[PDB]
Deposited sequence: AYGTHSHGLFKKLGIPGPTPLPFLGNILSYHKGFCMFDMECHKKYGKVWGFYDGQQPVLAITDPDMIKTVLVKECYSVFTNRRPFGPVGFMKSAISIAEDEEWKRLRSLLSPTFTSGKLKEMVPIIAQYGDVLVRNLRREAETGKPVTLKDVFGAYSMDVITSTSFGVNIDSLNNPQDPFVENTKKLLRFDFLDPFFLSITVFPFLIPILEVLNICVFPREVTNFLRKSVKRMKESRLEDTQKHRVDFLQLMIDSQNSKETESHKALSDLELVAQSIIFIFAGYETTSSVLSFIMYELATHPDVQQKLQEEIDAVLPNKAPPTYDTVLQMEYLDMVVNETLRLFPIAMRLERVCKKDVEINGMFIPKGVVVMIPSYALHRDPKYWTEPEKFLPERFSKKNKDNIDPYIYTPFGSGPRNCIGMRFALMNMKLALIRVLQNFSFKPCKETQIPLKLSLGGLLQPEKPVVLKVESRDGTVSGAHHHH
């Protein structure tokens, strides 16, 4: 019942209730709680996720020490959630030297050179995305962005990792499509996870009953799906193909190889489509930003020319529109690290087992670093204004050795989708569009109502 930790230390924060802690304050969500705590407590504050003491830091020097400097020795592991089970072998969940092994062995997969070879693969789905969005625009009916971008994101992740050319939108009942679509992003403010946070003693009980956080139906499917394509489909000798090539400390396990595949699908599907939905909302509400972006795409690629690896990186304003969307809408919301030993960083003392939190959303909207944070201004990320942006304040893909391994991959496929979509179409606010768009009160950064926009074809 550790509740007098921040009182003894002299760190401010909200008054905790027995057993529950400060979970009642989450009725507004993770984002609204951090924004309110940052304004009344200041630079450093502490709260309780049931019985778990969580310390939040906002100083850039402290963030650098937690994420970059004292990473390998002190802040190596993330917060342990519900009954993970077999999936404990996944890069994002794995802790200590186990993670070090999986990081080094999976680092050459996300190289700049290997990303060039992945470019023509996701390019064929860019045409498919345009082909599918054409029929939805020809009708004149309102277009649901998450379904269109989701279907695109679904066939992009499956294609990069062994065959599966399957048109996800036109084939919604394919064994691969339907099962991978069931992989729902974990909401940590739902009744299940709230019970796990308040009662951590339930985790060993659920682990012995084989009750897993990840759905049993999909995990059993993907394990046998990966097993058959590795052998039965391609037995003849000449992300999955890159992993088979890798199969100091190697020894890649077949069970671990399955866990890594589920993670790339999980991180790929839900996140890419959610960011792509947020960006198109901002481009429709600001037609001047959309026109300027469409003028830049045509300047680099004349007469609807297909994009390439070197072409994507050349576009300045495209990067500015992506960066400003991720600024206003960081899908991660928070950056957490567990303190393993009693140490002190930049004067501030950190005990043991205390979850060190970095409130990305709150820091991304801090008036001390951003001029008019509520407003969407891509001009912040221009060659002249980019110097003013602190790399430890703006963290959409994190920082240090435990940062996003697929940040270059996610950016590449999102921009490639944006290029094709804006080359052939113009986006305008529909009759039932929420202006201003209000975020969900749950544990997921997504809109309250799905983003619906009227899509007009660029001269059919």
Stretches of the record's deposited sequence for which the structure holds no C-alpha atoms: 1 to 4, 243 to 247, 257 to 262, 476 to 484
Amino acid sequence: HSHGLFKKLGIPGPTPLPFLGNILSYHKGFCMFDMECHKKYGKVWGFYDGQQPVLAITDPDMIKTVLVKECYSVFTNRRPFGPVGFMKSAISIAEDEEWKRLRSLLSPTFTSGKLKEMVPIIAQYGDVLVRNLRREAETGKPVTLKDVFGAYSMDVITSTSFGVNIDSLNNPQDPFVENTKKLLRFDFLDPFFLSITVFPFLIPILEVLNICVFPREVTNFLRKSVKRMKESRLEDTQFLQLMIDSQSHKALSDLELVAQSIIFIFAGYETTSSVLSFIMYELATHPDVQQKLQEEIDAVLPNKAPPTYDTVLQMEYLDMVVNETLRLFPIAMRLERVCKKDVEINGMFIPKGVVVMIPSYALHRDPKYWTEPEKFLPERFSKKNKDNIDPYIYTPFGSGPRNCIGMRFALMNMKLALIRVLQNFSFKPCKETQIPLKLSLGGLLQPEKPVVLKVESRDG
From here on, numbers count along this sequence of modelled residues.
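If you superpose the two forms and keep the largest set of C-alpha atoms that fall within 1.5 Å, you have the rigid core.
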Higher-deviation segment by CA RMS in 6 other deposited structures of this protein, core fitted, 134 to 142 or 157 to 165: 157 to 165
Core-fitted comparison in 6 other deposited structures of this protein, 264 to 272 vs 174 to 182, farther C-alphas: 174 to 182
Test item: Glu235 lacks coordinates in at least a third of other entries: yes
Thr197 unmodelled in at least a third of other compared entries: no
Comparing 142 to 150 with 270 to 278, the one whose average Cα B-factor in the PDB entry is higher: 142 to 150
Mean C-alpha B-factor comparison - 29 to 37 and 426 to 434, higher one: 426 to 434
Out of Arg233, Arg380, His364, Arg79, residue topping the C-alpha B-factor column of the entry: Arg233
Out of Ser225, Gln294, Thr325, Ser360, highest CA B-factor residue: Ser225
Third of chain Cα B-factors occupied by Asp319: lowest
Relative C-alpha B-factor of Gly21, binned into the chain's lowest, middle or highest third: lowest
Third assignment of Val289 from its chain's C-alpha B-factors: lowest
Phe162 by Cα B-factor - lowest, middle or highest third of the modelled chain: highest
Ranked C-alpha temperature factor of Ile211 among modelled chain residues, by third: middle
